[PDB]
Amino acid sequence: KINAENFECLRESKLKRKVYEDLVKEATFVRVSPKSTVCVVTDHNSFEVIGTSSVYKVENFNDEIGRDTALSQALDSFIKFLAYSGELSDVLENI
């Protein structure tokens, strides 16, 4: 995973940024189609959390925005898992 300063969703969300730096072990991005980017985030147990993005106009495709949008959805689902285990409370106390 690269530095959190690269992703606009991490700069505007304290919660997502904290989850990204502390609880994300690896983060991979793949362009699977002309319009869609897939982001897979893993925790320390290598559990995979998936997020996707799909640009409406394929001629406006941009790797950075696609990765940032896919990562943002991936962290939305990760926060659901952190709420299930209760470890979300640990993240909230550390902001």
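The first residue of the sequence shown is number 1, and the count goes up from there.
Comparing the deposited coordinates for 10-18 and 79-87, the stretch with the larger average C-alpha B-factor is 10-18. Annotation for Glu48: CA B-factor lies in the lowest third of the chain's modelled residues. Annotation for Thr37: C-alpha temperature factor in the lowest third relative to the rest of the modelled chain, per the entry. Sort the chain's modelled residues by C-alpha temperature factor and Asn60 lands in the highest third, per the entry.
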